[PDB]
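The next block holds one structure in the form of structure tokens; read it before the comments.
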């Protein structure tokens, strides 16, 4: 129905330039305008301005008049935020949303967001480490096994305990940055009947470094 | 610019109960208040506009109200999945200003953490590093302290913690606590411990290990 899928997350060293694309479907592009919003982590949601997909004319908000530039590939129904000279406080997530009415007071149907990690840091690819237990019956007739995905940059990382299949009783924890890199981990609990019996495998993909790992949590005990 | 102000910023209701989230503009904004909802790590969804008009297909259990500079969103029969941040926006005159967002915690009864400690992967020890992971899974309330103790001595540092945000399904929290030593410091010791104090028990919930077969 309306779906606005956006570009994937972007890493860019300070002072650089980025064009974040947003492709519309469901509606007639020209009769609804694009609203762009900044959800910066420790602060909240900010309107950036709005563009008229019929005339092409952008409005900008005060805090955005200057490096932000709205542009549109009408012909493919795409709005793009271009940010120039990436001052570090542009580390945030940018949502494009369809402005219902004229000027975009009502944003109904939002896009999934794109995350700009403005950073001097280098891409480091991860260390996927199978954590089999020192046995320890983790609750009656259950065992919890783990997967430490250390030392990578930038975020994200896709983690699936066996190709999407161990779905219930998984806890992937948020990643945390230790100055230059992140450390992420997941747990999964299974009944004793299932492990070491079947093959639980950590299927970790670092898409920035073209890295896909499958560490089998082998019984080691 | 019209300033929208929300207080408090965190709220806790039980399941099936009610919450009222106050929002407040700094001048009469004539019911031109929109409420969005941002489910943990998703887009906002426009819930209501003009103070009480529900958008297409939000269930009638979300009711808004207001006048002047004082508006409020009420949620009744709070589903475990209403855990999200609620945001008021103003929709009267430019620019469209938002409120800080109020986080809605769901108030489950207590649980106690399924604590579990992990030795280094042999693999990591081969890399010359030694992380000792302790998971503490599915506890309620949110307030858990974990200390690492190597050889009965406290170890405050080298630790990284991360909490899962509250679980939408079974309203609980969960946390990794990671200790990262040098292969030598690791290979110089023997009793590693992860102790957790939580509302669920007076006596420390403690998991310790040194390698043995099972």
*Could you grab the relative contact order for chain A? Cα pairs under 8 Å, six or more apart, rounded to a whole percent.*
18 percent
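Any idea what diffusion coefficient the stretch B:1-71 gets from Stokes-Einstein, in µm²/s, Kirkwood Rh on alpha carbon pairs, 37 °C, 0.692 mPa s?
Working: Rh = 13.2 Å.
In µm²/s, the coefficient rounds to 248.
For the stretch B:109-211, divide the Cα radius of gyration by the Kirkwood radius and give the resulting Rg/Rh value with two decimals. Spell out each step's value before the answer.
On the way: Rg = 14.2 Å, Rh = 14.2 Å.
That ratio equals 1.00.
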_Using a 10 Å cut-off around each Cβ of peptide B:150-162, what is the average number of partner chain Cβ atoms that fall inside?_
1
_Theoretical FRET efficiency, 1/(1+(r/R0)^6), r = Cβ-Cβ of residue B:93 and residue B:160, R0 35 Å, to 0.05_ = 0.15
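Please compute the Kirkwood hydrodynamic radius of the stretch A:1-120 from all pairs of different C-alpha atoms, in Å with one decimal.
Details: mean 1/r = 0.0705 Å⁻¹.
For the stretch A:1-120, inverting the mean 1/r across all distinct Cα pairs yields 14.2 Å.
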*Of the peptides A:27-39, A:64-76, B:75-87, how do they stack up when ordered by the mean number of other Cβ atoms within 10 Å, highest first?*
A:27-39, B:75-87, A:64-76
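Going by average Cβ neighbours within 10 Å, how do the peptides B:47-59, B:89-101 rank, with the highest at the top?
Working: B:47-59: 15.5, B:89-101: 21.7.
The peptides rank, most packed first, as B:89-101, B:47-59.
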*asked:* For a test of the definition: using alpha carbon positions, the gyration tensor, and the 1.5 limit on a/c, classify the stretch B:118-174 as rounded, prolate or oblate.
replied: oblate
*Specify whether the C-alpha gyration tensor of the stretch B:67-135 places it in the rounded, prolate or oblate class, a ≥ b ≥ c being the square roots of the eigenvalues: rounded for a/c under 1.5, otherwise prolate if a/b is larger than b/c and oblate if not.*
oblate
_Can you compute log10 of I(q)/I(0) for the stretch B:1-138 with the Debye formula, treating each Cα as one identical point scatterer, at q = 0.10, 0.12, 0.21 Å⁻¹?_
-0.45, -0.56, -1.21
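How high is the FRET efficiency from residue B:214 to residue B:125, r the C-beta distance, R0 30 Å, rounded to 0.05?
Values: r = 20 Å, r/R0 = 0.65.
Calculated value: 0.95.
When only C-alpha pairs under 8 Å and at least 6 residues apart count, what is the relative contact order of the stretch B:109-211, in percent? Intermediate values should be presented prior to the final figure.
Numbers: 220 pairs, mean separation 33.5, N = 103.
Relative contact order here is 33 percent.
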_Please compute the average number of Cβ atoms from other chains found within 10 Å of each residue's Cβ in peptide B:116-126._
6
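Treat the count of other C-beta atoms within 10 Å as a stand-in for reagent exposure and order B:197, A:139 from fewest to most. Working shown, then result.
Working: B:197 16, A:139 12.
Ordered by Cβ neighbours within 10 Å, fewest first: A:139, B:197.
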*What ranking, highest mean first, results for peptides B:113-119, B:26-32, A:161-167 when packing means the other Cβ atoms within 10 Å averaged over each residue?*
B:113-119, B:26-32, A:161-167
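Over chain B, calculate the relative contact order: mean separation of alpha carbon pairs under 8 Å at least 6 apart, over the residue count, as a percent.
Details: 514 pairs, mean separation 39.5, N = 214.
Relative contact order, chain B: 18 percent.
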*Suppose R0 equals 56 Å; then what is the FRET efficiency for residue A:176 and residue A:54 from their Cβ-Cβ distance, rounded to the nearest 0.05?*
0.80
*Peptide B:33-43 - average C-beta neighbours from other chains (10 Å radius)*: 3
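Once every DSSP H run of n ≥ 4 in the protein assembly as shown is given -39500 (n - 2.57) and the sum is divided by its residues, what mean residue ellipticity at 222 nm do you get, rounded to the nearest 500 deg cm²/dmol?
Estimated from H runs of four or more residues: -500 deg cm²/dmol.
Give the shape of chain A as rounded, prolate or oblate, defined through the alpha-carbon gyration tensor: a ≥ b ≥ c are the square roots of its eigenvalues, a/c under 1.5 means rounded, and otherwise the shape is prolate if a/b is larger than b/c and oblate if not. Could the numbers behind the result be given before it?
Details: a/c = 3.06, a/b = 2.13, b/c = 1.44.
It is prolate, given that a/c is not under 1.5 and a/b is the larger ratio.
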*For the protein assembly as shown, treating each Cα as an identical point scatterer without solvent, what Debye log10 I(q)/I(0) comes out at q = 0.08, 0.10, 0.11, 0.12 1/Å?*
-0.55, -0.82, -0.96, -1.09
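Neighbour counts are summed over all protein chains in view; Cβ atoms, including those assigned to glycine, are modelled from backbone coordinates with ideal geometry. Throughout, read-outs are computed from the coordinates displayed, never taken from laboratory work.
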